[PDB]
Each structure stands twice: as structure tokens, then as C-alpha cells.
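Asker: If you scroll down you'll find the structure; I have some questions about it.
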Amino acid sequence: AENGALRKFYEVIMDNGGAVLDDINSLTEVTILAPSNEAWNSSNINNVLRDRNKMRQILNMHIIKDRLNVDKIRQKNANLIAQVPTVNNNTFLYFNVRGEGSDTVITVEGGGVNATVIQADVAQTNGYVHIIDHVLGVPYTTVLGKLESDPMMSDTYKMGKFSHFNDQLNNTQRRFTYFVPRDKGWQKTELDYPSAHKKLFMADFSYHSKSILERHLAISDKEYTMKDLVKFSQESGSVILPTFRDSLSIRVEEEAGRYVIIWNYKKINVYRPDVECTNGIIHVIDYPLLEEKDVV
Ligand SMILES: *[C@@H]1O[C@H](CO)[C@@H](O[C@@H]2O[C@H](CO)[C@@H](O)[C@H](O)[C@H]2NC(C)=O)[C@H](O)[C@H]1NC(C)=O
């Protein structure tokens with residue numbers, strides 16, 4: 001697209017303030033992820049498109065406070081995954097790069113959205129511009145849809161299959177807040193409790209794995225953003241959320257920009273907070289809510 005995409009990006013900025021344009025021009029380095037025109041339409045963001053306050057938040061997360069081209073992205077993700085900050089100080093992004101040359105496939109994950117770069121390295125004065133096929137910050141998948149499409153959630157998604165725990169996550173009549181342990185988290189659990197870990201991924205113990213996951217799943221009429229949990233555990237003592245057959249009592253705090261979860265005697269870092277979905281929100285955590293009282 002490019003031609004159509006960029007003008008559309010600016011048109012959207014015009015409809016919602018213009019304040020966005022100020023922040024962009026006040027940056028020494030800036031990289032914009034401009035959704036294709038097809039992305040701005042098929043997104044059917046008709047709902048939020050009218051909310052000028054939200055549109056600004058959506059627009060802001062498409063603006064990277066840095067000079068980032070394909071090469072730089074590849075490099076930054078060499079050792080670990082680089083979480084890239086945006087104008088939206090409540091949303092960061094990160095990329096995944098596959099193949100090389102004309103076979104290169106670049107995708108980005110942000111605000112609950114996974115988009116593919118359909119055009120990259122468009123030069124700019126202080127940076128670059130890339131065209132993506134989806135509008136970040138506007139989920140087009142349910143919690144379940146996300147779980148099957150996010151490689152980082154592969155273990156938790158697979159574990160929820162043995163007991164058909166996942167089935168329910170497609171329901172649009174409820175709102176789920178799923179605290180999803182990332183793959184690295186389950187791998188760590190494998191080192192801590194190799195036998196119990198082998199069991200969680202066995203049909204024979206579907207009951208156990210379901211019980212473990214239901215502990216991570218909050219079901220209510222509303223979804224809780226990490227910022228909500230903080231406010232709750234701040235005004236009140238801790239936070240109490242309804243799970244499937246019981247409840248979840250945790251406490252959330254801010255720590256050097258990241259959010260932290262205090263469950264029982266454990267402290268787990270929230271790796272990807274607020275991964276919004278159409279029927280809820282997902283919070284990727286560093287380690288699963290597990291004590292060795294569920295292992296022996
Ligand atoms: C966005 O979603 C896609 C689709 O699931 C992810 O693509 C996979 O990426 C892994 C890691 O390179 C590959 O092993 C798979 O083969 C890819 N699937 C396909 C068919 O494309 C992609 O990684 C996600 N992007 C992010 C940043 O999470």
C-alpha cells in the first residue's frame with residue numbers, strides 16, 4: 001500500500017485531535033507502523049473509531065519512539081525478545097522475524113494484535129515506516145483465538161486441550177481474564193518438577209491440568225486490566241477474582257515499569273500485560289500459579 005496507508009494514517013490522526021502529530025514531530029527518532037487501508041476497514045473498528053480518546057491510544061501504540069528498520073529489529077531480537085516502547089506509555093510491542101531475503105516474514109505483537117508487515121523499510125527523515133495488515137490495539141480474536149495463534153502461549157494452549165478447558169474460551173457471552181504462563185514458564189516448571197510437568201501434559205491427568213488452569217482463569221461480567229488489579233489491591237488490601245469453581249486471591253504491584261503478581265508466597269512477573277481480546281484479556285506471566293502442594 002504505502003501511498004494509501006500513510007495518508008490514511010494521517011487522516012485518522014486528523015479525525016482524533018492532532019495531538020498525536022505533535023508527539024510524533026517532537027521525537028528525535030520515530031518509526032511508524034501504518035496499518036494498510038484494508039486493515040483500517042476490515043478492522044470494523046466502527047465502535048472505537050468514534051471514541052476520540054481511544055483512537056489516540058490506538059494511534060499512539062503504532063508509533064515507536066526509535067529508528068527501527070528490519071535489520072535493527074533482527075539484531076535486537078538476537079539474544080532475547082526486545083520489547084519496544086511506544087508513544088502509548090501503557091503499550092509496548094515486539095517483533096518476530098523469519099527467513100531472509102525476499103522470503104523474510106516480519107510480524108508484530110501489540111495491544112492484543114498480531115500483524116504482519118506487508119511492506120517494510122520505507123525511509124523517513126527520523127526513522128522508518130512499515131505497513132501492517134491489522135490495526136494494533138483492536139483485537140480480532142477471542143482469548144481462545146489468541147491462545148492458538150500465539151507461539152508464546154503454545155504450552156498453556158496445549159495443556160488446556162486434554163480436558164477441553166479451552167472450549168469455553170471461545171464464548172462471547174462471558175468475559176475472561178486469563179493469566180497465561182508463557183512457554184519459558186512451563187519449561188522452568190519442567191526443571192523444578194519434571195514428573196509433575198510430564199503429568200500436566202498427559203491425558204491421564206486431565207483433571208489435574210484443568211484444576212491448575214481454572215486457577216488462572218477469572219470469569220465475570222467484566223475484564224480486569226493490569227491497571228485495574230493495581231488500583232484494587234491498592235485501595236483495598238488484595239484482589240479477589242471469581243474463578244470457575246472458586247476464587248483467586250492475589251495482589252498486584254508496579255515495579256520498575258513492569259507489573260508483579262503476588263500469589264501466596266510467590267512473586268511472578270507479568271511478562272505481557274493486558275493482551276486484549278474480544279471476550280476478555282490475557283496477562284502473560286513468567287511462572288504458573290503453582291506450589292509443590294500440587295506436585296507431591
Ligand atoms: C504472529 O502469529 C504468527 C502466526 O501464529 C506467528 O508465526 C509463527 O512464528 C513462529 C516463530 O517464527 C513459527 O515457528 C511459525 O511457523 C509461524 N507460523 C506461521 C505459519 O507463520 C508469529 O510468530 C506471531 N508473531 C509474534 C510477534 O508473536
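Residues are named by chain letter and number: chains run A, B, ... in the order of the C-alpha cells, numbers start at 1 in each chain, and ligands are numbered from 1 in the order shown.
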Could you list, as number ranges by chain, every residue within 12 Å of residue 221 (chain A), counting only C-alpha atoms and ignoring same-chain residues fewer than 2 positions away?

Answerer: A: 172-177, 218-219, 223-224, 241-242, 279-280

Asker: Just the residues within 12 Å of residue 23 (chain A), please, counting only C-alpha atoms, with nothing from its chain fewer than 6 positions along; format it as a list in words.

Answerer: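 Answer for this query is residues 13, 17, 29, 30, 56, 59, 60, 63, 64, 65, 86, 87 and 88 of chain A.
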
Asker: What is the distance between CA of residue 69 (chain A) and CA of residue 282 (chain A), in Å to one decimal?

Answerer: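 Atom-to-atom, CA of residue 69 (chain A) to CA of residue 282 (chain A), that is 28.9 Å.
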
Asker: From the list A:231, A:98, A:184, A:266, which residue is nearest residue 78 (chain A) when using only C-alpha atoms?

Answerer: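 Result for the nearest residue to residue 78 (chain A): A:98.
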
Asker: Work out how far apart atom 2 (O, counted along the ligand's line) of ligand 1 and CA of residue 288 (chain A) are and give it in Å to one decimal.

Answerer: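 Rounded to one decimal, the two atoms are 22.6 Å apart.
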